[PDB]
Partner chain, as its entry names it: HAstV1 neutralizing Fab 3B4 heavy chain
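Read the single chain below, which is given as structure tokens and is the form deposited without its partner chain.
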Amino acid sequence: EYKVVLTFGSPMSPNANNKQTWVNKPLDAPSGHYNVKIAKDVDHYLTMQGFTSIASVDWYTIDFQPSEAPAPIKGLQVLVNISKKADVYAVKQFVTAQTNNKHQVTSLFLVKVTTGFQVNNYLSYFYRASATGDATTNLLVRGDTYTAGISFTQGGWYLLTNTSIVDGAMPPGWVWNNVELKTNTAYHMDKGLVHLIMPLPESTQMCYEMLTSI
């Protein structure tokens, strides 16, 4: 286990400092294109939603003493179609009980790209309508998608996310349920989503406690 300090880079196109954060929404992609998947094997993988460039990474022990970067996690891969494009160095899940029967799971993967690539994906964003009075108004994902290209550069660090909503029974450890972003379903905030409302300014630092194994 490590304490990991990420220094955020500039937003990845089509994102911008003054725009809503676009994330991949579905479990499919346009014709001729592919999702980015973070996979343990063919039956256990999560589809990339959030994509964020990380300028640098500082590694520490769990009590904050300085450490050299670990080696890649064996047996995890960032895949496009059937080819591995990045190594995974650290992982973390945030599990939130919205209710006992509705859990939100946000998975974060710190990855380093080994073959540069681009994908066209169906993108959307979080939004929240104004409402009158003290009524609850939900954090939602826009239904419509905007098809756009996303580019990943060799040698770059990236932070990838996936958020699932799991109904009913939960498994006991790492959750592999792969669920597209829902529209019409309330999300909560968790520490894995704080960078996905609008891009945080380049040079912003965030600290996470992360694992180097599933």
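Positions refer to the first chain, counted from 1.
Separately, the form solved in complex with its partner chain exists; it is not shown, and the next lines address it.
Colleague: Would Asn138 count as touching its partner chain in the deposited bound form under a 4.5 Å heavy atom rule?
Modeller: Yes, contact at 4.5 Å.
Colleague: Does its partner chain get within 4.5 angstroms of any non-hydrogen atom of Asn184 in the deposited bound form?
Modeller: Yes, contact at 4.5 Å.
Colleague: What residues of 95-132, in sequence order, lie within 4.5 Å of its partner chain in the deposited bound form by heavy atom?
Modeller: Heavy-atom contacts to its partner chain in the deposited bound form: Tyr127, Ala129, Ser130, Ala131, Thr132.
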